[PDB]
Amino acid sequence: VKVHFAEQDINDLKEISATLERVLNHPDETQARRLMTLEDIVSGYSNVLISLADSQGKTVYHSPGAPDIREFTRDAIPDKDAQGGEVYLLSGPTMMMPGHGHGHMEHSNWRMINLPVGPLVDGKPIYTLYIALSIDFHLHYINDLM
Amino acid sequence: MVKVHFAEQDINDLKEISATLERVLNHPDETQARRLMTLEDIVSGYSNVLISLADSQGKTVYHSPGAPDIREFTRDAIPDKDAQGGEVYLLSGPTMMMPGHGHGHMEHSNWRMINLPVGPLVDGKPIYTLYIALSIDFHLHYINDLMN
Ligand SMILES: [Ag+]
Ligand SMILES: [Ag+]
Ligand SMILES: [Ag+]
Ligand SMILES: [Ag+]
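If you're matching them up, the sequences are chains A and B in order. To convert, take the position in the first sequence, counting from 1, and add 679; that gives our numbering. To convert, take the position in the second sequence, counting from 1, and add 17; that gives our numbering.
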């Protein structure tokens, strides 16, 4: 079941990465307009955090409602259950989930991927996008059995 | 336990889809035409969800373009035994058209379905009934694989 859970998330992340890549390289729109559009889409997922990094490795944008996920990417553990690799496990940060009162499932465990995105300057992608998807529901199911 | 867990995964996704589309269809600043245009723009982007919107008389006003109207499969709907509470159904159709071929092609013909009243009120009753169907084929592929 662990490999199945990894495949579920990888499918989701593949789709999310395609959507956000297209957003960040949408023709005839400024950076401001693209980041506004991206934030609205990311907010719509409700179980996703992102961070956008420049060529030096400085964060130009990250999602509200949580600390920058780049503060947890350097101690990310490679995911053993992801065949093909390039998927990482994050032990934080905790994401705020308002609107439901007390007892909502905690979102502080993630599967992470990253890819080059954004307009080319020149022929070369300016940004690197980090995408984190909550895996806490997976981890609670596994922990509750044992 | 894993079947019940798969149901709860789906129910959670359906809850969020329900809340998003509910806001869209009774958004205070917009006309009914603008709201439906917003619905269609959002819904067309879905990879694994079909929806159908019925009017006051139970006639379909809108449904997703990738497949036949899911309300045509209401007559074959089975209560979801793994959904322990509420009104969740299992549909064994329709097939949703998906892009690509080979290993990359997504086979989507099995659904968990819910419905709710939606839209602005007329005579103290919402004008629409929204039907939402989420793909469960990946759940079934896993279970059928274990059974050999
Ligand atoms: Ag969250
Ligand atoms: Ag899970
Ligand atoms: Ag589909
Ligand atoms: Ag599954």
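Just so it is clear, CB atoms sit at the ideal spot from N, CA and C, and this is done for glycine as well.
Going by the C-beta, is residue i closer than 7 Å to any heavy atom of ligand 4?
{"i": "residue 687/A", "result": "yes"}
{"i": "residue 820/A", "result": "no"}
{"i": "residue 23/B", "result": "yes"}
Would you say the beta carbon of residue i is closer than 7 Å to some non-hydrogen atom of ligand 3?
{"i": "residue 179/B", "result": "No answer is possible for residue 179/B: the residues shown for chain B start at 18 and end at 165."}
{"i": "residue 802/A", "result": "no"}
{"i": "residue 771/A", "result": "no"}
{"i": "residue 734/A", "result": "no"}
{"i": "residue 152/B", "result": "yes"}
Examine chain B for any beta-carbon lying closer than 8 Å to the beta-carbon of residue i, and answer yes or no.
{"i": "residue 735/A", "result": "no"}
{"i": "residue 680/A", "result": "yes"}
{"i": "residue 786/A", "result": "no"}
{"i": "residue 687/A", "result": "yes"}
{"i": "residue 751/A", "result": "no"}
{"i": "residue 700/A", "result": "no"}
{"i": "residue 652/A", "result": "Chain A is shown from 680 up to 825; residue 652/A falls before or after that span and cannot be answered."}
{"i": "residue 683/A", "result": "yes"}
I'd like the span of the alpha helix (DSSP H) that includes residue i, first residue to last.
{"i": "residue 797/A", "result": "First-last for residue 797/A: 789-799, but that is the beta strand (DSSP E), not the alpha helix (DSSP H)."}
{"i": "residue 716/A", "result": "710-724"}
{"i": "residue 22/B", "result": "19-42"}
{"i": "residue 751/A", "result": "749-752"}
Quick one: using the 10 Å Cβ neighbour count with 16 as the cut-off for buried, is residue i buried or exposed?
{"i": "residue 790/A", "result": "buried"}
{"i": "residue 821/A", "result": "exposed"}
{"i": "residue 711/A", "result": "exposed"}
{"i": "residue 165/B", "result": "exposed"}
{"i": "residue 45/B", "result": "exposed"}
{"i": "residue 703/A", "result": "buried"}
{"i": "residue 113/B", "result": "buried"}
{"i": "residue 22/B", "result": "buried"}
{"i": "residue 709/A", "result": "exposed"}
{"i": "residue 770/A", "result": "exposed"}
{"i": "residue 27/B", "result": "buried"}
{"i": "residue 67/B", "result": "buried"}
{"i": "residue 777/A", "result": "exposed"}
{"i": "residue 779/A", "result": "exposed"}
Please tell me whether, using a cut-off of 7 Å, the distance from the CB of residue i to the nearest non-hydrogen atom of ligand 1 is below it.
{"i": "residue 817/A", "result": "no"}
{"i": "residue 781/A", "result": "no"}
{"i": "residue 786/A", "result": "yes"}
{"i": "residue 35/B", "result": "no"}
{"i": "residue 81/B", "result": "no"}
Check whether the Cβ of residue i lies closer than 8 Å to any Cβ atom in chain A.
{"i": "residue 64/B", "result": "yes"}
{"i": "residue 44/B", "result": "no"}
{"i": "residue 118/B", "result": "no"}
{"i": "residue 159/B", "result": "yes"}
{"i": "residue 33/B", "result": "yes"}
Mind checking whether the beta-carbon of residue i lies closer than 7 Å to any heavy atom of ligand 5?
{"i": "residue 776/A", "result": "With respect to small molecules bound, the structure shown includes ligand 1, ligand 2, ligand 3 and ligand 4 and not ligand 5."}
Start and end of the beta strand (DSSP E) containing residue i?
{"i": "residue 739/A", "result": "738-741"}
{"i": "residue 732/A", "result": "727-732"}
{"i": "residue 142/B", "result": "142-152"}
Taking 8 Å as the threshold (beta carbon to beta carbon), is residue i in contact with chain C?
{"i": "residue 806/A", "result": "Annotation note: the requested chain C is absent from the structure, which comprises protein chains A and B."}
Please tell me whether, using a cut-off of 7 Å, the distance from the CB of residue i to the nearest non-hydrogen atom of ligand 2 is below it.
{"i": "residue 44/B", "result": "no"}
* To do: Could you say if the segment 74-84 of chain B and the segment 796-813 of chain A meet the contact criterion of at least three C-beta pairs nearer than 8 Å?
  => Not touching, per the Cβ criterion.
* Asked: Should the segment 53-60 of chain B be regarded as contacting the segment 122-139 of chain B, the criterion being three or more beta carbon pairs within less than 8 Å?
  -> No: fewer than three Cβ pairs fall under 8 Å.
* **Stretch pair the segment 135-149 of chain B + the segment 59-73 of chain B: three plus CB contacts closer than 8 Å** => Verdict: yes, contact present.
* Are there three or more Cβ pairs, one per stretch, closer than 8 Å when the segment 772-792 of chain A is compared with the segment 687-697 of chain A? -> Counting C-beta pairs closer than 8 Å gives three or more between the segment 772-792 of chain A and the segment 687-697 of chain A, which meets the contact rule.
* With contact counted as at least three CB pairs below 8 Å, one residue from each stretch, are the segment 92-99 of chain B and the segment 116-125 of chain B in contact? -> Verdict: no, contact absent.
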